[PDB]
Structures are given as structure tokens and as C-alpha cells.
Amino acid sequence: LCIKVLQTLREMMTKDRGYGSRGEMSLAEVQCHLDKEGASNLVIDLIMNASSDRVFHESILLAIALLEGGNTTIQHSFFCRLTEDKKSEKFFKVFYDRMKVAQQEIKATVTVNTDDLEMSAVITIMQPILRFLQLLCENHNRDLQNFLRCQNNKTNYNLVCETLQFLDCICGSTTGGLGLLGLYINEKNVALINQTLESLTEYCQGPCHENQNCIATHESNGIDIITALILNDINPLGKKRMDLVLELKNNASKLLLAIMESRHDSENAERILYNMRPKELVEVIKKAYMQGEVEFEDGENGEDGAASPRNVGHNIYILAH
Amino acid sequence: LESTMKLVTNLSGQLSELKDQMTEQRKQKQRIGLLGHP
Amino acid sequence: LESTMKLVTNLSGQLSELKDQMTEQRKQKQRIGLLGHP
Amino acid sequence: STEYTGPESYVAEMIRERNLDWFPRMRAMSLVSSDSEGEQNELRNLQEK
Amino acid sequence: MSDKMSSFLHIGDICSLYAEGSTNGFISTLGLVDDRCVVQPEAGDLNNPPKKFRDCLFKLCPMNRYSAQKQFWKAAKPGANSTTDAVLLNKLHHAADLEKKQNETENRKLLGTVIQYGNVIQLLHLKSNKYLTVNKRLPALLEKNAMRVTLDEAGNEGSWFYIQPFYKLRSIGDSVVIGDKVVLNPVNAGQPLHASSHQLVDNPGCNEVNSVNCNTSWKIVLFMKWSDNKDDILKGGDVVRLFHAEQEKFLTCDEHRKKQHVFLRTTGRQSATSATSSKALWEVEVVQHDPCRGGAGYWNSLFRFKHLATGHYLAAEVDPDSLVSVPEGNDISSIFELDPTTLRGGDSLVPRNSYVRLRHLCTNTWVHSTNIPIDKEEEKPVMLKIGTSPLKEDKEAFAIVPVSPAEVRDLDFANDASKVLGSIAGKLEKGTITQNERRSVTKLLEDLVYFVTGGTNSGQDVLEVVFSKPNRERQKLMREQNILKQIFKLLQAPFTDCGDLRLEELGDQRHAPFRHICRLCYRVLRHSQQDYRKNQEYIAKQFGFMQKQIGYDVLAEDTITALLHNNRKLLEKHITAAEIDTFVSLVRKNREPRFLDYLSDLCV
Amino acid sequence: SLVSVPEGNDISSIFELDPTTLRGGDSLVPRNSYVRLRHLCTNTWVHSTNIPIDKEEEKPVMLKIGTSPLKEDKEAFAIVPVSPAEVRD
Amino acid sequence: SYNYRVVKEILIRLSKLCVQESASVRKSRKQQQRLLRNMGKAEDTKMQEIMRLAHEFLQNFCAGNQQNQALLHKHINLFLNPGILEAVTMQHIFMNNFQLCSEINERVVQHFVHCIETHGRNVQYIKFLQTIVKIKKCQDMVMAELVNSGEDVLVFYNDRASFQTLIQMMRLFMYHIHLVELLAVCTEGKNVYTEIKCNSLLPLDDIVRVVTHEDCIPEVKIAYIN
């Protein structure tokens, strides 16, 4: 009974669909109505009373309802009650729990390259979790959420920012120093790694404290495993992955941009340097020939996004400074 | 200079206390032995 | 002042350890003597 | 509206409110302002503790 | 005992395990090429550890993620038959070793850590350097329930353990202590390991470890602390070759006459590896004042030192009738004391590496070197006896020479070969054993064929490319041991099998067992040819087997091996056998149209 | 044993207690977790055995507490602090 | 516990009844059968007996249908690693030939290939493997397990094998002979693997079988022509 009732809320937040003293609907207004209810305690206690596998895998889908564009009051909404009362380790561990389960599944997943291959249910849960975390963290600059990567529940139950990193480290095979990075790149799995990529970058942007330790200090090796996407190109040169490798690289240098964001720091840059080679400017120059290999397209990178082949080098040239 | 001297000196001083404690322990043990005595 | 105090103090402290070691050495020597004993 | 993370989107957050106060008005220079020494002094107290 | 907070158990420390309850004793690995664990049921307890149980020693480690390496290993072990090249495999090969090397770094980054109940353990063996685990299979050959004891080098496949006490004294996440009757259990097998109640076809003091639901509460027992290791010092687990400087050794052999002998091999130079193994290996142990056999002596040891081939100690009659061969030594007359000799002592307390002098137990007697022989030997050209007398001096020092652990782990490997191959070779020529042991004796030899070359194989039988790498110390190890003799004995046993010719009844009929072992045999014997003449001194024995070769087997290259290197003085005995008239007469007796071999003998 | 003696200025009523991983040379601190027992002056090991008294005429389960100088690591039992609010009730 | 035993007995009876008119039975039960499949401790107890009974019933209730036999096509790997005992009945039950030819991967080929090594003796597992072979389309799939390793069980005991054969004649061994026959049946002619396999095994048998036939057994005479 409670599932369709929760599923009723997801349709109620569903908007921009079905159109072809009456109140004028505002997407911001729709979010505001939901916020007026503030009935985020239904999510704020739903994971806290998390038992239904359909429920926790469904309530995060309800979490995109308060999220997904607005969250001005909504980001302020989760902030206060999230530091509210005595459920934090019971809640953050509950999300943490999913991360641990996912890591085990990922470790035990596919093996090697010598009606389709279906992803694990735990893996699918992971995409929703990643998105939820990203949305909450992101608000255009989320001060308090950034502070919230740590928490004062004593125990503290996680460092979910660094807890993001290992799950982000896991999907690329985590130890493949290199060429098996292409051996780890999953043509059906990259869409997971895509949203799995940007959610780290959204964890970084802005203040250099909370991301700054978790850039390359976190001791989960894979900072260079982050930058390994800059290090080379994918071995399966797919068609939809041709834009996807661009989309990967478009997701790639975004994370590198948040790598060095506030300068006047030595060792943090050395983490970008300690695994990298000085000849990568010629690799950046290889993108200049890759962008030199760009065909007759008028691509301008302003307003909503687009992957420029030169634009990735244009992104990569930012690592020059 | 102060750090090394502090360290060596400190270590030696701390180490000594130990002899003294065994002898002291024995005295009370002798009292218990005396009560054990028939 | 700290250097001279460190020096004198340090020397005395280091010097003492030495007495203790001889006595300790003897105890184990007594154990060997006991086995040597016929 | 998904611009270009905060140290860019700071100034977009400014520009609606007219208040001029984000250019390096007098003080910046980006010159040395040598701070290694203060850290050295902090390390030096360490000895006192 | 001036402890404040120590004596718990720590990562980076060596130890030993002990069985309790239905079965009692230690855990060892009888055999060094073998894989069977063993539990001696009778000889060991808490206060009296028996003689040979240096081999029971277990070293503790951090974990070591098995995965990348497992993938490489899995790719390498075939059946797929394809989807492999240097772009995939060899680019994964150097993608394996450096991330294998960081496990060795993290090994050296945990010198001491209080071990809590529940974490990884990753137990490891001292002498083998080849640690144990199980698999998630069911190859449990005596009691048929779900286990296997595999001693492995790479080994990171279910070798993670999790540890708990038997009793509810401590909890999960508390410091262990020495004497904790712990449980021990693989993290993915689920079944904790157990002391079985079975025997098998070996010595009657045999048993093994199974892994079942029920429990065997193991007390560890400790005799070594950490942060004191190889580290240019001596511990209670080392070996040593005590060499002098008058003549830089002393000898120890078992004589059939009751006295035993310290003859000097006509020279002693440089204190090198140029030495007979059996005469030289003594171990150094401490007493620790404890019934448990201890370690880490740090001055005032009242040490004693034990022989390796047989189990005996020192002893001495001070004036009357030293290298007195006493098996059991809990007395005073087997325990010595040692000299300062410029390491000045009031409270020196540090066991250095360079030089010592001797003094016996309790009388403090001066061990020296005299000028007399025993003269039972009936004119050996040079010999001196070792006598002792309480006259003090500064003359008869001799050095604590540390032996590398890589050389002692090659010594017993050669010893374990003769203790296996030297027994089985007489019986399969006499009767029939399991045919799977013919498979087992194959990789016994196939582990040996690149042992002596010193390098792990890439192909299967490519023994000609590693031929350009000699090392005299391994062949001298194989010369001084009896392996060569045994292998030639094995050749004759199959010759007798054909008799009870060689190509016809043994080679032409079966083609599987006998041709392959001779190919295993011939290239080993070819490998000893190219280094020194004392291997070629054995050709004054292995000339009759090449006299009787007739299967066209692989053995003809040994004739080239005897002859490829020009021997003028070896041939002075080799051709100096004069049976070339038989040998080329055998070539003339080879009256088939195959004449080329005869031409080759003439050519030599 | 649970021998019920009213007055105890003798030796046979006064015990000594075990370190049990609180290592002692000069430890000198009375912790809270776990102890083992040893009697007075003989330093006797207090343990737990498997026999009942069997005066009880088939109680379903019962064990007697016996002591014997065989040392062990098994029969520890905890100093459990009781709150003073419960003893005053 | 008592109630649970009764249900298993009832289920076996029901399975037989359902079996006597298969389409109807499967359709009616595709619900109950699905529940039973979902249901499908380690000791000789009421749970052990129930497991054995369930396997037998399934073998019968699974045996009637092929699309319903395809309906239980998932979750079948739960017995392939088990190597020994009750899993074999289910494996035997799974075969109708057209369906078998149409659908099997190579991930169970080593699932009995390693099951050739470990996982008990597998007496009926050779027939459990030969039924998995079932048809040179599976003979092309049978060359891979014949290509991978030698496990057989003393099968190719040449002179030693002859001595073993003499022991077998004196007094298991027949099962081993049957397994050898099954391997030979799998052999068949050309494939790359097939041709090669036929060759090594054939030469060995010709020298030996020509010899075994001469020193003959009666059940060995039945399989030796195979």
C-alpha cells in the first residue's frame, strides 16, 4: 500500500507532462508546494526506517522530486533536519550501507575481455544513489552540504565524499594502472561511470577545504586513476561511445578543473603531478591534432553544453595554468 | 639540542623507576607470606 | 643556561645507569653458576 | 544556468546586486606576501610545548 | 620482565602454532617439495618442544590483495587457448609486478601493530617462504569435507583469515595475548581449520589439518619479538658456518668409529661459500630461561648451538677425552658463554656479527686449537684436532658467519629430493605405485630442472637458453648432496625393469613413463657439465650408463656434454677408460644403417 | 568453593587477583574489565568444574564451583560495577 | 517439522498426478511448480529427507514439460558446482534433445570439467555429462571439454590399466568403463578437436582394447564396440 502512495508522490512531482481560481503551476512553484509540505521527513525518515528494498530504491527516486532544479529552500530544508536529531549515523550509515554493498558487488562483477548483459540490481541502485547524493551536494554552491561530507554524529558513520571516491575507484578496476583501463571500460557500464564521474566533480567545486583533502590525499589510490582518462583513450572505439568518449573526456577535464581550483598550494598539485608525465602537453597537443582532426562543425561552448573535440583540449589547456 | 637531550634523558629517567618497584612489591608480598605462614 | 644544565644533568643521568647493569648482570650469572653447580 | 562552478558562479551571483566590490580594488597585487615564515614560527612554539 | 604494555602479538613477528584437545602438538610441513601439513601427535607440548621443530615457525603479515595478479594468473593458465598477446598479456605483466611490489612495501610499513580480533591475518611460513591457504573447492583427500592445505608463493586466494577466541573472555576488536586459544578461519571458505584424527602412508607420527564445523582451539606460543631481525646480528633461529682463520672452518661428520673428526680439507681460504654443507651448518639458539625454545639473544646468552644434518650439540671433557656429539642438552655441559673481544663490556648488551671466542659452561673453559691429529686416519696428509683447556689467550677466535636464508632453503630442497627420490626410485623399478605419483615425480623433476638453472621457466622444455647462466654454488650443492647418484640409480632401475632391449620393452611398448623421465634426467646431467671439473670427476662413474644407452633417447647429448667442452685431462681419464674400443665397438655393434653416432665418437 | 565464614582476619579469607593482559611489573592501576582468582597464602587457582553437589535430587542443570592449584586462562569472571542508585533501591 | 514432511510427500504424489497429462499439469501448476522451484542445513534429519524427496519430485514434475522445463532454466547453477549427490537427478531430468541442442553454454562444460576433478566421484555424472552431450552439434561442443584436460579416472591404464582391469574382472570399475565409453561416444569423428581426440584415444584403445577384448569381461564387451 505504501509503495503506490510513495509512487503517487513521484507522479505528483512529475511535471512538464500531459500538457497538449485555478493555480498556475510553477516548476519552482511545484517544488515550493512540496517544500511547503516539507514532507521531506517521508524521505528523512524513510531511509531512516529503511527496510523495503523497493522502498529505499524507490524513495531516492522520490528524492529527485525535491531535487531536480530548485532546492533553494529545499537545500536549506535537508540541511537543518539533517543536523536535526540523533538519526544521522542511523541514516548516513544507511546510505553508507548501500555503498559498501555496491563495492562488494563491483569487486565480484565481470572478469576480463578475451537479451543483453544485465547489470546487477545492486549496481542499478548505485546510479540512483549517486544521483541523489550529487543533487543534494550540488546546489549551485552548497556550503553546508560540503561541510556535511563530515558530520558530528560522533561515530560519524562515513566520510561519504571519500566514500564516493572508492566507489568511483571501483568501477574502473581500481588497480589497473593503465591499458586495462580500456579493458575495464564498460560500454554498457560507462553510463554508470558517467554520472559516477560528475558527482565527484560536483563534490569538489567551490571551497577548497572539503574537497581538498579528498582530491588526492584520501589514500584510496585513484587520483591518477581519476586522471587516467586524461592519460589515454578508450580501446573500444565505439560509435555511440565515440561521443561517449568525448562525453567521458567532457566529464574528464571537469574533474581535473576541480582538481586544482584554488591555487597557492604545492602538494595538492603534486598529486596531479606525481602520477603524470611532463610530456602530456604533447598529449594535449595530440588533442590539438585531434581538434585538428575536427571536421566541418561550428561548435561554440556556450549555454547548456556540447563536447568540442578542440573544446576538450580547450578544457585540457586549462591544466596548463 | 634540547629535543635530543630531553629525549635521552627522559628515557633514562623513566626507565629507572622500574627497579624500585620490584623491591617495593616484594615487601608487601613478604607481608602476605607472613600471613600465609602457619 | 639551558645548554649547560642539559649537559651536566644529562651526563649525570647517563652515568648512573651503569651501577644497575652490573647487579643485573650478576643475577643471570648466578643462574649460570647454579647450572654449573654439580 | 548550470554554470561553471562556484569561483565562476560567484560573480554571476554578484552581478544582479550592483555592488561593485569584487574587482581587485586596491589590495590584491597577487605579489609575494611571504607566508612560509608564520608557519615556521608556529612550528617554533611546538618546541615550547 | 620489565613490561609496561607489550607481549600481545604483532604484525611483522614470527611465531608458532600448537594444537590442543583431541590432538596435541605443533603444525609442520614434512617435506619441502611436498604440500602436506603435518601435526605431530606425541613429541611436542608447552614445556618440551622436540628437536627438529625449527620448521614449525610461522611469520605474521598484513593482507595482500590477490586480485590483479589472480587475473594475470588466470589468463596465463590456459584452456581458452586464445585471446592473448603481448599487447594484452605482457602489458599486464609489468602491470602486475609493481603493484605486487607495493605489497612488499606495506609489509615493511607495518613493523608492529596490536592485532585485534576480526581483521586479516595472512599467516606465513619461515623456511619455505611459501604460505598456506585453502580453496573454495572440496579436494579434501582423507576426510571428505571441503578443504585443502596448499603451501603457495603467490597464495593470495582465500589466504585472508579472521580470528576469534574460543572463550568469551575478549571481544571483537581487542588486543590478543600470547596463550590465547584462538579460532582461525578463512574468510571465504567458512569452515575453521581443525586437527584431524587420521594417519596416512608416511612415518607413524603423521596427521594433517582438515577444516570442519567443529573446533580446535589453538594457543599460539611466542619466542621472538619484533624490531630485531637479520640486521647484522644473531637470533635464536639463525644458521651459521663457524669458520676459523688458521684454517677457515671446522669439520663435523658422523664417523662409524665413536670419535669424530675435524680434518681441514688441505686448505681453507677467504671464508667463502666454497665449503661442504654437512660439515658446516650449525644453528644458534638461546635459552631465554624458559621451557619454550626461545630467541633474540642480546648478550649473556649462555647460548648453545645445534647441528643441522643430525641433532647434536657441543660438549667437552675439559682435560680428558672438542666436538663431542651429545643429542640432548638440558645439562650445564652443553651451554657456553662467549667473549667480548674489543666490544668492551660493562653493560654492552649488543650481539655483534664479527668475531667471538669461546668458554664453556659452568667452568668457563677456554676452547682452543691444538697441533695434534687423532691418528686413527692412517696418514691423511694434513689434519688437526680441536682441544680445549682453561688457559686463556687471544688467539683462537673464529667468526660468526651469517648464512643467507636463500642458501639454506636451497640446501634442504636438495636434502628433500634425496629423501623422496632416493626412496621411490628403488620401488617402481621393483613394483607398482600409483600412476598419479608418476605425474607427481614429473613436476618434482620439472621443478628441479630450472631450480639448478636459477630462473623461473616461461616455456615447458626450453632448457637450452638458460644454459648460459652458471652458478657453481648450486651445482656444488647438488654435487655434495646425493641427488646425482640417486638419479643415475633411477636410470639403472628402469634398465633392470626392461631387463625384468631398453628401447624395445620399455620405450617401444608404453612410450609414456620412461622416455619422459630420461629426458627429465639427461638435461639435468647435461646442466652440470659446463662449470667446473669436479662434476666431470663424476664421469668416472657415469660412463657405463652412456655405454648402455640404446633407445636413441635424449642421452646422446651427454656424450657431447662429456665431449663438447674439450676435455684433455678429463678425457685423460674419460677416454682413459679405454672402453672406446667397446664404445665405438658398440658403435660398430650398432650395425644398423644409423652410422652417424659412431662418426661423432671418432670426431670427439 | 563458597565457604561461608563470618569473621576473616585469617589468611584463608584474603585473595590475590590476576593481571590478564594488563601487564604487570609496576602496573598499579585497578581496571574494570576482567580478573582471575588465586587464594591466600598458597596462591590457589579458583576455577569452575562440571560436577553438582547432588543433594538437590535432580535439578535439571547445576554446577559446583571448585578450586585447585592448576593454572589456566579459562575461568575469568568480570568485576561488574553496580550503579549506586540500584543498591539504594 | 511434522507438517513440513507431509507437504513433501503430498507434493511427490501431486507431481505424479500432474505428470499423467503433462500440458494440463504444467499449466495448472506453473504456479505451484514455480513456488517449489523457488523453495529448491546439512544433516540427516527431516530437512535432508525433504531435500531428497523434493529432488525426486522435481525430476518428475520437471520431466513432463520442455517449455515448462525451459521455465526452470534459471537457477540451475546451484547444483553444477555441487559436483556430487542429488544435483545429478536434476541434471538428468534437464535433457530433451532438441532443447538441449538448442541451448547450452560452455560455462557448465568446465562446470563438470572441474567437476571431473573435484566434487566427488560422479558415477552417474558421466551419464549426467553424456546426457549433457546428448548429434555432432554437441559433438562440436564436446571437443572443448575433451580438449581441456585429462581427468578420466585411471581410464587409460595401459599395461597398468590391464592389471587394473584384471583386478576389476576379479571384483565402480564397471562405472569407470561406462564413463570411458561415454567419453568415446562424445569423441565422434572430425572436428579439429574431434579428429585429434579420436586419434589419441583410438590408438590407445586399439592397442589396449584389442588387448582387453582378448583378456575379456562381459560388460566390457558391450562398451568396447562403442
# chains A, B, ... in the order shown; residues from 1 in each chain; ligands from 1

$ interface_residues --of "chain E" --to "chain F" --cutoff "8 Å" --atoms "only C-alpha atoms" --output "count of residues only"
10

$ closest_atom_pairs --of "chain B" --to "chain D" --cutoff "12 Å" --atoms "only C-alpha atoms" --output "JSON lines"
{"residue": "B:1", "atom": "CA", "partner": "D:47", "partner_atom": "CA", "distance": 10.9}
{"residue": "B:2", "atom": "CA", "partner": "D:47", "partner_atom": "CA", "distance": 8.7}
{"residue": "B:3", "atom": "CA", "partner": "D:47", "partner_atom": "CA", "distance": 7.9}
{"residue": "B:4", "atom": "CA", "partner": "D:47", "partner_atom": "CA", "distance": 11.7}
{"residue": "B:6", "atom": "CA", "partner": "D:47", "partner_atom": "CA", "distance": 11.1}

$ interface_residues --of "chain F" --to "chain B" --cutoff "9 Å" --atoms "only C-alpha atoms" --output "PyMOL selection string"
chain F and resi 10-12+25-26+40-42

$ closest_residue --among "B:23, B:30, B:5, B:15" --to "chain E" --atoms "only C-alpha atoms"
B:15

$ residues_around --residues "segment 231-236 of chain A" --least-positions-apart "5" --cutoff "9 Å" --atoms "only C-alpha atoms" --output "count of residues only"
15

$ select_by_dssp --residues "chain D" --states "helix (DSSP H, G or I)" --output "PyMOL selection string"
chain D and resi 6-15+36-48

$ write_last_selection --atoms "N, CA and C atoms" --output "compact mmCIF listing (two decimals), in the first residue's frame"
# COMPACT_ATOMS: atom_id res chain seq x y z
N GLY D 6 31.59 27.25 -8.77
CA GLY D 6 31.43 28.46 -7.97
C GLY D 6 32.34 29.67 -8.13
N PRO D 7 33.67 29.49 -8.15
CA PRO D 7 34.57 30.64 -8.40
C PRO D 7 34.34 31.36 -9.71
N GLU D 8 33.65 30.73 -10.64
CA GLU D 8 32.99 31.47 -11.69
C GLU D 8 31.60 31.92 -11.24
N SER D 9 30.80 31.02 -10.67
CA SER D 9 29.40 31.38 -10.48
C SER D 9 29.19 32.30 -9.29
N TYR D 10 30.26 32.59 -8.55
CA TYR D 10 30.26 33.68 -7.59
C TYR D 10 29.90 35.01 -8.25
N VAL D 11 30.58 35.36 -9.34
CA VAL D 11 30.41 36.70 -9.88
C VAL D 11 29.07 36.83 -10.59
N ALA D 12 28.51 35.73 -11.08
CA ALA D 12 27.15 35.77 -11.59
C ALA D 12 26.17 35.98 -10.46
N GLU D 13 26.47 35.41 -9.30
CA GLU D 13 25.67 35.68 -8.12
C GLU D 13 25.82 37.12 -7.67
N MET D 14 26.95 37.76 -7.98
CA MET D 14 27.14 39.16 -7.60
C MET D 14 26.34 40.12 -8.47
N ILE D 15 26.37 39.91 -9.79
CA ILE D 15 26.14 40.99 -10.76
C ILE D 15 24.73 41.56 -10.74
N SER D 36 55.50 31.63 4.35
CA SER D 36 56.14 30.44 4.95
C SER D 36 56.65 30.68 6.41
N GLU D 37 57.12 31.90 6.65
CA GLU D 37 57.68 32.32 7.94
C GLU D 37 56.74 32.21 9.15
N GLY D 38 55.46 32.54 8.96
CA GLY D 38 54.48 32.45 10.04
C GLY D 38 54.33 31.00 10.49
N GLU D 39 54.31 30.10 9.51
CA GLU D 39 54.23 28.67 9.75
C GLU D 39 55.48 28.23 10.50
N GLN D 40 56.63 28.78 10.12
CA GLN D 40 57.86 28.45 10.82
C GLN D 40 57.77 28.85 12.30
N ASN D 41 57.20 30.03 12.58
CA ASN D 41 57.03 30.49 13.96
C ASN D 41 56.10 29.56 14.75
N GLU D 42 55.05 29.11 14.07
CA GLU D 42 54.11 28.19 14.68
C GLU D 42 54.84 26.90 15.05
N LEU D 43 55.70 26.41 14.16
CA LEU D 43 56.50 25.21 14.40
C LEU D 43 57.43 25.43 15.60
N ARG D 44 58.00 26.63 15.67
CA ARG D 44 58.88 27.01 16.75
C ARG D 44 58.19 26.94 18.11
N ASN D 45 56.92 27.33 18.22
CA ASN D 45 56.30 27.23 19.57
C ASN D 45 56.29 25.77 20.04
N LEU D 46 55.90 24.90 19.12
CA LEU D 46 55.93 23.46 19.23
C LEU D 46 57.05 23.03 20.19
N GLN D 47 58.21 23.67 20.05
CA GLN D 47 59.35 23.38 20.91
C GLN D 47 58.97 23.72 22.34
N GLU D 48 58.31 24.86 22.54
CA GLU D 48 57.91 25.21 23.90
C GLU D 48 56.96 24.14 24.50

$ atom_distance --atom1 "atom CA of residue 88 of chain A" --atom2 "atom CA of residue 174 of chain E"
26.9 Å

$ decode --residues "chain D" --atoms "C-alpha atoms" --output "mmCIF file, in the first residue's frame"
data_model
loop_
_atom_site.group_PDB
_atom_site.id
_atom_site.type_symbol
_atom_site.label_atom_id
_atom_site.label_comp_id
_atom_site.auth_asym_id
_atom_site.auth_seq_id
_atom_site.Cartn_x
_atom_site.Cartn_y
_atom_site.Cartn_z
ATOM 1 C CA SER D 1 22.010 28.012 -15.630
ATOM 2 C CA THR D 2 24.282 25.086 -14.671
ATOM 3 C CA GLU D 3 27.259 27.374 -14.985
ATOM 4 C CA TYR D 4 30.719 26.777 -14.475
ATOM 5 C CA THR D 5 31.362 26.026 -10.825
ATOM 6 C CA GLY D 6 31.433 28.458 -7.973
ATOM 7 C CA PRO D 7 34.565 30.644 -8.395
ATOM 8 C CA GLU D 8 32.986 31.472 -11.687
ATOM 9 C CA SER D 9 29.399 31.383 -10.482
ATOM 10 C CA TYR D 10 30.260 33.682 -7.592
ATOM 11 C CA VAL D 11 30.405 36.699 -9.882
ATOM 12 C CA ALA D 12 27.154 35.767 -11.590
ATOM 13 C CA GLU D 13 25.672 35.681 -8.120
ATOM 14 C CA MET D 14 27.139 39.156 -7.596
ATOM 15 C CA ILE D 15 26.142 40.988 -10.765
ATOM 16 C CA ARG D 16 22.432 41.304 -10.001
ATOM 17 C CA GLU D 17 23.252 43.240 -6.823
ATOM 18 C CA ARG D 18 25.295 46.039 -8.372
ATOM 19 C CA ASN D 19 27.710 46.345 -5.506
ATOM 20 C CA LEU D 20 30.984 46.687 -7.435
ATOM 21 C CA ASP D 21 33.089 45.089 -4.730
ATOM 22 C CA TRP D 22 34.779 42.160 -6.417
ATOM 23 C CA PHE D 23 37.399 43.731 -8.616
ATOM 24 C CA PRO D 24 40.856 43.900 -7.079
ATOM 25 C CA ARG D 25 40.112 47.417 -5.906
ATOM 26 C CA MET D 26 43.362 48.331 -4.235
ATOM 27 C CA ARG D 27 44.682 45.481 -2.212
ATOM 28 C CA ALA D 28 45.429 42.431 -4.286
ATOM 29 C CA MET D 29 48.600 42.778 -6.415
ATOM 30 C CA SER D 30 48.951 38.964 -6.498
ATOM 31 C CA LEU D 31 52.536 39.609 -5.322
ATOM 32 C CA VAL D 32 54.521 37.546 -2.818
ATOM 33 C CA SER D 33 53.044 38.190 0.681
ATOM 34 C CA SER D 34 55.523 35.713 2.127
ATOM 35 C CA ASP D 35 53.708 33.351 4.483
ATOM 36 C CA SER D 36 56.144 30.444 4.947
ATOM 37 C CA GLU D 37 57.683 32.317 7.939
ATOM 38 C CA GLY D 38 54.482 32.447 10.037
ATOM 39 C CA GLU D 39 54.226 28.673 9.748
ATOM 40 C CA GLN D 40 57.864 28.452 10.821
ATOM 41 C CA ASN D 41 57.030 30.488 13.963
ATOM 42 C CA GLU D 42 54.109 28.185 14.685
ATOM 43 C CA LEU D 43 56.498 25.214 14.400
ATOM 44 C CA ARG D 44 58.883 27.010 16.746
ATOM 45 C CA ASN D 45 56.303 27.234 19.569
ATOM 46 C CA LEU D 46 55.934 23.455 19.230
ATOM 47 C CA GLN D 47 59.348 23.381 20.908
ATOM 48 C CA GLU D 48 57.909 25.206 23.896
ATOM 49 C CA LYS D 49 55.104 22.649 24.296
#
